[PDB]
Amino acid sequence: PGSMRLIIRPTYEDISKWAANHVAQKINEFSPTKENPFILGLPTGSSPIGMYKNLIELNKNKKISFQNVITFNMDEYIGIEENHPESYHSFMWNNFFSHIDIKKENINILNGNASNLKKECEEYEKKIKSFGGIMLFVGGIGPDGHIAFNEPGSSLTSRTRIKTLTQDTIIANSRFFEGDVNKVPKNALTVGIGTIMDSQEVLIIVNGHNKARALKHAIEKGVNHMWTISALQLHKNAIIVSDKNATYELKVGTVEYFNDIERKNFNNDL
């Protein structure tokens, strides 16, 4: 249309469908091959689950193939067995990779057990750039505007790196490790805001009242390292899909403005 895009739909399910379709459409138009595959960045968390389910379905109905899609994931804990049910390796396999025609060797996830964690990070960044860069990175946001383990105060140009988890993250993630703060791994490897920003296109899925304040900071306020999602304002091709509830802190006029862009870009004759 000519600007950052905000797509507002009523429910979590509707945004999940819009997103899955959008990912399918980008890959299908690209038409990957063994020689020129599609490079896809993916999130974990509750946010992308509906999208994952919809993509599995489209794949079953042969509306999309992952044979020539190469994936990079955002992050993984340091010092967790790949087979631990709460590892992000397991999250991805059980929620997505097991159910689609993806090639095991096309899957890239940070190795939180590497001997040299600093090199593992540098190598991930090299691998991404060896493929020409991520074509589409899909992500989600936290209530404080974080993406991945890029927590408030993360540099707006940060790269893949070691991350010690702050108290808020250990608390929030503690529910996956039997309510026990002592059982959440202390550290993680994570792509940076800069890494994500290097993508040719960025899609963010946001839902619920608890992300409303953050969506306000992403959209309407100035670029600010306390709300690292605000970095997206600098990206050339970014899209945020939000449910109605995550818009409660936006101004009426902002919603109308982005609603009209979608209507006008529908009837544009191009």
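Don't overthink the numbering: it's just position in the shown sequence, from 1.
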- Going by the average Cα B-factor in the PDB entry, point out whether 244-252 or 13-21 comes out higher. 13-21
- Task: Take the C-alpha B-factors listed in the entry for 89-97 and for 179-187, compute each mean, and give the stretch with the larger one.
- Result: 179-187
- Note on the structure: The largest CA temperature factor among 169, 150, 160, 73 is found at 169
- Highest Cα B-factor in the PDB entry belongs to which of 225, 217, 211, 60? 60
- So where's residue 141 on the chain's Cα temperature factor ranking, which third? middle
- Task: Determine, from the deposited record, the chain-internal third of the Cα B-factor for residue 221: lowest, middle or highest.
- Result: lowest
- Tertile call for residue 200 (CA temperature factor, within chain, third-based) is the lowest
- residue 68 CA temperature factor, ranked by third within the chain: middle
- So, residue 36's CA B-factor, relative to its chain, sits in which third? The highest
